[PDB]
Amino acid sequence: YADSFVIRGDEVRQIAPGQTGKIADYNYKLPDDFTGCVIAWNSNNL
Amino acid sequence: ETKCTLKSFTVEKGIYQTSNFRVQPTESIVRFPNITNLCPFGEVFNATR
Amino acid sequence: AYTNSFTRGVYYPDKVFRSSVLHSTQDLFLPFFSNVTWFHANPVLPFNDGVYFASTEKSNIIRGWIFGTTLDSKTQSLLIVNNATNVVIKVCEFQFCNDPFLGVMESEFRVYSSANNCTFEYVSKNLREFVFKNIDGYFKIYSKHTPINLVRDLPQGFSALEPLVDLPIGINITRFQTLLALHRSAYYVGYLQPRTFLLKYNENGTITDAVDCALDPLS
Amino acid sequence: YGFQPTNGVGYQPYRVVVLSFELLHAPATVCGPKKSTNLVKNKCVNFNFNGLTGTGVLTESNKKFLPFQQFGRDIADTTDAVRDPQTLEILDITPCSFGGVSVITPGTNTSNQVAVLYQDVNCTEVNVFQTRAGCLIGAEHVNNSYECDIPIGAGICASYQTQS
Amino acid sequence: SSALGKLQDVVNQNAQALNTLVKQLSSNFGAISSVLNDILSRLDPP
Ligand SMILES: *[C@@H]1O[C@H](CO)[C@@H](O[C@@H]2O[C@H](CO)[C@@H](O)[C@H](O)[C@H]2NC(C)=O)[C@H](O)[C@H]1NC(C)=O
Ligand SMILES: *[C@@H]1O[C@H](CO)[C@@H](O[C@@H]2O[C@H](CO)[C@@H](O)[C@H](O)[C@H]2NC(C)=O)[C@H](O)[C@H]1NC(C)=O
Ligand SMILES: *[C@@H]1O[C@H](CO)[C@@H](O)[C@H](O)[C@H]1NC(C)=O
Ligand SMILES: *[C@@H]1O[C@H](CO)[C@@H](O)[C@H](O)[C@H]1NC(C)=O
Ligand SMILES: *[C@@H]1O[C@H](CO)[C@@H](O)[C@H](O)[C@H]1NC(C)=O
Ligand SMILES: *[C@@H]1O[C@H](CO)[C@@H](O)[C@H](O)[C@H]1NC(C)=O
Ligand SMILES: *[C@@H]1O[C@H](CO)[C@@H](O)[C@H](O)[C@H]1NC(C)=O
Ligand SMILES: *[C@@H]1O[C@H](CO)[C@@H](O)[C@H](O)[C@H]1NC(C)=O
Ligand SMILES: *[C@@H]1O[C@H](CO)[C@@H](O)[C@H](O)[C@H]1NC(C)=O
Ligand SMILES: *[C@@H]1O[C@H](CO)[C@@H](O)[C@H](O)[C@H]1NC(C)=O
């Protein structure tokens, strides 16, 4: 499963297994039993 | 249940502990004391001047 | 002068009821058979870890204590007073007389000369024991009033002290004093250390006896 | 400000109150109300008295605390009484019934009938026969005495006769 | 009527062991409290 989107530069630590935050508590969640990789790269030039 | 806990389709005569049992809480209650200091904000929000 | 407590300064260390049992605690107590100062009638004492404080009379010469680190302005302190009316707890920044007292006309209170920035108020022979302690911004006070059949000497016996007050102040304390009613028309000071005791509980739930477990090999 | 009653809004007087909550470093202070409820006795409930949290059945008692004492506990230090902070009455706490379940089988090579024992439970909380080992369901209590066949306990045994 | 120590000792040993078993339900073993309703009230599931 490739989940692809764009976020604010701050809550890149909000995509992680097990956490609390306004991005993680309302718009996207990962289980604490996560197994996979998370890749993030900057974008204001696109 | 006996057949499950004994892991067998045959059981022999006897008495067998199979599970536990317990009564569940019907509801919830909360208790504390009365009220004598609920603050009277009717002096700062209810002043004449 | 100095005197010897015998079994004195035991307080209920929690709110828990207990029927006929023997319960073991670790806390700050006044060790058995201790060396308690004697005062007659007074000066600035230390605090350093809680205080036992008894007193004896039929009149009322002991009229409360004053606490704190500097007993003046520039830092906060407590003040506990009793005129012939009733108790007056108070927490401001004060300016305390170096020899503060109250008279007995019956006009009095040369205690302080300043009451600034008050952060807490409150208004409303004999042997009168008190235990004062100060933990996590709370200033706890235990007390007991037993009747002696003497006038002003420290007796012998067992009597557990019941909690009175609780004040969420935050105040720092390093020193304390006393207040007396002058003449115009006896008290002791122990200190508390971390000990381990064995308290015997009655069937009504009162402490009737105790054992200090660091006195001797038998204990 | 010369305020006058015939002023357009935005020139009429407004009263303002600014609440500022501060947190120095004391031990505590003002907080919001503490919602409560009624007093249900003789049922397994989840209680909460001031912060004392547990579950069980609450009855009225014959203890007498000391005016400053707020709850009782026994040897092994389990809470077995409490004071409720509005009536000023002390209440006994009893754990909510529990136990084991055993099934009495005459052997599957003989029948499919079973009896069930609920260990040290009164019969009301579950033909039906009360022993000292618990409550027994599905077995008839005869009056004759045989040799023991399946031990139930406290002097009682069970057996498959005649068919039941 | 005025000696049964061998019978008293086996009673005492069993009671002393059963009490030690219950008195262990109030040790932390290196945790923040001894109550599960206190770790399930000031900590998130992870
Ligand atoms: C100030 O006092 C007045 C009067 O006691 C309070 O006004 C009441 O408000 C409630 C709810 O809006 C009404 O149901 C009552 O009818 C009002 N009182 C009267 C006498 O009619 C007002 O709430 C108080 N202000 C504050 C902030 O508590
Ligand atoms: C708690 O408050 C209630 C009232 O809000 C008190 O209830 C009264 O209790 C007395 C018994 O002492 C009765 O005679 C009254 O009829 C009760 N009045 C009401 C309105 O219930 C109760 O006593 C208070 N208890 C404590 C410990 O403060
Ligand atoms: C208390 O300590 C002082 C310190 O010098 C000593 O002189 C006195 O004898 C002691 N009193 C007792 C009762 O041990
Ligand atoms: C007793 O002392 C307190 C201390 O401020 C004072 O408020 C009170 O008025 C005094 N009593 C009388 C009768 O004045
Ligand atoms: C305490 O009192 C002094 C002098 O009256 C004053 O300068 C200071 O502001 C007061 N403290 C606070 C927190 O206002
Ligand atoms: C009490 O005094 C000590 C001095 O070592 C200080 O560090 C501490 O902060 C003071 N207490 C409070 C509550 O500030
Ligand atoms: C208190 O204890 C005494 C003796 O232990 C007992 O006789 C009495 O019934 C108890 N309860 C009271 C005095 O209410
Ligand atoms: C069990 O069942 C088998 C098959 O019916 C039978 O041969 C055997 O005798 C039975 N065992 C008994 C009755 O003890
Ligand atoms: C079981 O419950 C009944 C109903 O109250 C009661 O009368 C009885 O004493 C309890 N115990 C036994 C052994 O029956
Ligand atoms: C068992 O015998 C007793 C004799 O005391 C009698 O009361 C009871 O009813 C009998 N029960 C049955 C099931 O026969």
# chains A, B, ... in the order shown; residues from 1 in each chain; ligands from 1
>>> residues_near_ligand(ligand="ligand 9", cutoff="12 Å", atoms="only C-alpha atoms and all ligand atoms", output="list in words")
residues 120, 121, 122, 123, 124, 125, 126, 128, 129, 130, 131, 132, 133, 134 and 135 of chain D
>>> write_last_selection(atoms="C-alpha atoms", output="PDB file, in the first residue's frame")
ATOM      1  CA  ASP D 120     -18.497 -21.361  46.526  1.00  0.00           C
ATOM      2  CA  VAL D 121     -21.293 -19.337  44.958  1.00  0.00           C
ATOM      3  CA  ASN D 122     -24.760 -18.957  46.392  1.00  0.00           C
ATOM      4  CA  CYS D 123     -27.413 -20.351  44.084  1.00  0.00           C
ATOM      5  CA  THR D 124     -29.272 -17.052  43.637  1.00  0.00           C
ATOM      6  CA  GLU D 125     -26.464 -15.458  41.610  1.00  0.00           C
ATOM      7  CA  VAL D 126     -26.487 -17.831  38.646  1.00  0.00           C
ATOM      8  CA  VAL D 128     -30.745 -26.750  41.788  1.00  0.00           C
ATOM      9  CA  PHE D 129     -29.006 -27.841  44.980  1.00  0.00           C
ATOM     10  CA  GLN D 130     -26.839 -25.951  47.454  1.00  0.00           C
ATOM     11  CA  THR D 131     -23.792 -27.748  48.817  1.00  0.00           C
ATOM     12  CA  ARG D 132     -20.906 -26.406  50.856  1.00  0.00           C
ATOM     13  CA  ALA D 133     -18.703 -26.787  47.760  1.00  0.00           C
ATOM     14  CA  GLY D 134     -20.941 -24.393  45.816  1.00  0.00           C
ATOM     15  CA  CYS D 135     -24.164 -24.429  43.795  1.00  0.00           C
TER      16      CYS D 135
END
>>> residues_near_ligand(ligand="ligand 1", cutoff="6 Å", atoms="only C-alpha atoms and all ligand atoms", output="ChimeraX atom specification")
/B:41-42,45-46
>>> residues_around(residues="residue 101 (chain D)", least_positions_apart="4", cutoff="9 Å", atoms="only C-alpha atoms", output="list in words")
residues 16, 17, 18, 19, 20 and 21 of chain B; 116, 117, 118 and 119 of chain D
>>> write_last_selection(atoms="N, CA and C atoms", output="mmCIF file, in the first residue's frame")
data_model
loop_
_atom_site.group_PDB
_atom_site.id
_atom_site.type_symbol
_atom_site.label_atom_id
_atom_site.label_comp_id
_atom_site.auth_asym_id
_atom_site.auth_seq_id
_atom_site.Cartn_x
_atom_site.Cartn_y
_atom_site.Cartn_z
ATOM 1 N N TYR B 16 -14.272 -31.770 36.054
ATOM 2 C CA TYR B 16 -13.263 -31.049 35.292
ATOM 3 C C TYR B 16 -13.488 -29.556 35.411
ATOM 4 N N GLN B 17 -12.470 -28.836 35.856
ATOM 5 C CA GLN B 17 -12.500 -27.384 35.855
ATOM 6 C C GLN B 17 -12.369 -26.880 34.426
ATOM 7 N N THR B 18 -13.349 -26.129 33.977
ATOM 8 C CA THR B 18 -13.380 -25.727 32.579
ATOM 9 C C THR B 18 -13.228 -24.233 32.382
ATOM 10 N N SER B 19 -13.807 -23.418 33.251
ATOM 11 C CA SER B 19 -13.713 -21.979 33.099
ATOM 12 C C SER B 19 -13.897 -21.322 34.455
ATOM 13 N N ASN B 20 -13.765 -20.008 34.481
ATOM 14 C CA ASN B 20 -14.109 -19.224 35.648
ATOM 15 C C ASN B 20 -15.396 -18.473 35.380
ATOM 16 N N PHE B 21 -15.881 -17.818 36.416
ATOM 17 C CA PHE B 21 -17.132 -17.098 36.350
ATOM 18 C C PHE B 21 -17.024 -15.911 37.283
ATOM 19 N N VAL D 116 -23.302 -29.244 36.541
ATOM 20 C CA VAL D 116 -22.370 -28.127 36.647
ATOM 21 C C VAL D 116 -22.318 -27.657 38.086
ATOM 22 N N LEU D 117 -21.110 -27.457 38.596
ATOM 23 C CA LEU D 117 -20.882 -26.890 39.912
ATOM 24 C C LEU D 117 -20.264 -25.510 39.765
ATOM 25 N N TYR D 118 -20.852 -24.546 40.449
ATOM 26 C CA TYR D 118 -20.351 -23.188 40.555
ATOM 27 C C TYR D 118 -19.741 -23.072 41.936
ATOM 28 N N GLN D 119 -18.423 -22.970 41.996
ATOM 29 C CA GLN D 119 -17.724 -23.184 43.253
ATOM 30 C C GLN D 119 -17.874 -22.000 44.194
#
>>> atom_distance(atom1="CA of residue 4 (chain D)", atom2="CA of residue 49 (chain B)")
16.9 Å
>>> residues_around(residues="residue 41 (chain A)", least_positions_apart="4", cutoff="10 Å", atoms="only C-alpha atoms", output="number ranges by chain")
A: 6, 9, 12
>>> atom_distance(atom1="atom 20 (C, counted along the ligand's line) of ligand 2", atom2="CA of residue 36 (chain D)")
15.6 Å
>>> decode(residues="region 22-44 of chain E", atoms="N, CA and C atoms", output="mmCIF file, in the first residue's frame")
data_model
loop_
_atom_site.group_PDB
_atom_site.id
_atom_site.type_symbol
_atom_site.label_atom_id
_atom_site.label_comp_id
_atom_site.auth_asym_id
_atom_site.auth_seq_id
_atom_site.Cartn_x
_atom_site.Cartn_y
_atom_site.Cartn_z
ATOM 1 N N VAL E 22 -0.291 -11.966 48.409
ATOM 2 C CA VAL E 22 -1.161 -10.812 48.229
ATOM 3 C C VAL E 22 -0.402 -9.511 48.434
ATOM 4 N N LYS E 23 0.539 -9.478 49.368
ATOM 5 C CA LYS E 23 1.310 -8.270 49.604
ATOM 6 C C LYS E 23 2.214 -7.902 48.442
ATOM 7 N N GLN E 24 2.332 -8.750 47.432
ATOM 8 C CA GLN E 24 3.114 -8.422 46.255
ATOM 9 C C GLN E 24 2.304 -7.695 45.205
ATOM 10 N N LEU E 25 0.993 -7.613 45.373
ATOM 11 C CA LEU E 25 0.132 -6.895 44.446
ATOM 12 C C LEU E 25 0.237 -5.390 44.647
ATOM 13 N N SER E 26 1.169 -4.968 45.490
ATOM 14 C CA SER E 26 1.358 -3.555 45.745
ATOM 15 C C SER E 26 2.820 -3.175 45.655
ATOM 16 N N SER E 27 3.540 -3.767 44.716
ATOM 17 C CA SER E 27 4.895 -3.365 44.397
ATOM 18 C C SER E 27 4.940 -2.937 42.943
ATOM 19 N N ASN E 28 5.845 -2.011 42.641
ATOM 20 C CA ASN E 28 5.947 -1.453 41.301
ATOM 21 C C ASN E 28 6.749 -2.334 40.368
ATOM 22 N N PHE E 29 7.799 -2.968 40.879
ATOM 23 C CA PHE E 29 8.791 -3.663 40.075
ATOM 24 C C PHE E 29 9.422 -2.756 39.036
ATOM 25 N N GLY E 30 9.475 -1.456 39.298
ATOM 26 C CA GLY E 30 10.014 -0.516 38.337
ATOM 27 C C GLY E 30 8.976 0.016 37.376
ATOM 28 N N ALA E 31 7.887 0.537 37.918
ATOM 29 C CA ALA E 31 6.839 1.145 37.122
ATOM 30 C C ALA E 31 6.404 2.408 37.841
ATOM 31 N N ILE E 32 5.485 3.146 37.233
ATOM 32 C CA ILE E 32 5.071 4.405 37.835
ATOM 33 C C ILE E 32 4.104 4.209 38.992
ATOM 34 N N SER E 33 3.293 3.158 38.975
ATOM 35 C CA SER E 33 2.460 2.840 40.123
ATOM 36 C C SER E 33 2.247 1.337 40.174
ATOM 37 N N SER E 34 1.366 0.917 41.079
ATOM 38 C CA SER E 34 0.991 -0.478 41.242
ATOM 39 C C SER E 34 -0.423 -0.743 40.763
ATOM 40 N N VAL E 35 -1.098 0.263 40.225
ATOM 41 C CA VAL E 35 -2.500 0.171 39.851
ATOM 42 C C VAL E 35 -2.592 0.262 38.340
ATOM 43 N N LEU E 36 -3.372 -0.626 37.733
ATOM 44 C CA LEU E 36 -3.551 -0.551 36.292
ATOM 45 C C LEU E 36 -4.483 0.580 35.894
ATOM 46 N N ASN E 37 -5.374 0.996 36.786
ATOM 47 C CA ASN E 37 -6.210 2.154 36.520
ATOM 48 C C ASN E 37 -5.459 3.467 36.670
ATOM 49 N N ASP E 38 -4.193 3.425 37.077
ATOM 50 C CA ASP E 38 -3.356 4.612 37.095
ATOM 51 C C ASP E 38 -2.374 4.662 35.942
ATOM 52 N N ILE E 39 -1.998 3.521 35.378
ATOM 53 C CA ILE E 39 -1.226 3.553 34.148
ATOM 54 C C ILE E 39 -2.137 3.695 32.944
ATOM 55 N N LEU E 40 -3.386 3.257 33.048
ATOM 56 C CA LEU E 40 -4.357 3.474 31.994
ATOM 57 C C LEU E 40 -5.072 4.814 32.107
ATOM 58 N N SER E 41 -4.579 5.735 32.931
ATOM 59 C CA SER E 41 -5.195 7.046 33.069
ATOM 60 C C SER E 41 -4.222 8.199 32.871
ATOM 61 N N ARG E 42 -2.920 7.980 33.031
ATOM 62 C CA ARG E 42 -1.963 9.042 32.747
ATOM 63 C C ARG E 42 -0.881 8.549 31.803
ATOM 64 N N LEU E 43 -1.269 7.760 30.811
ATOM 65 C CA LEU E 43 -0.350 7.320 29.775
ATOM 66 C C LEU E 43 -1.170 6.917 28.565
ATOM 67 N N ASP E 44 -0.655 7.235 27.391
ATOM 68 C CA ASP E 44 -1.283 6.794 26.161
ATOM 69 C C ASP E 44 -0.917 5.343 25.885
#
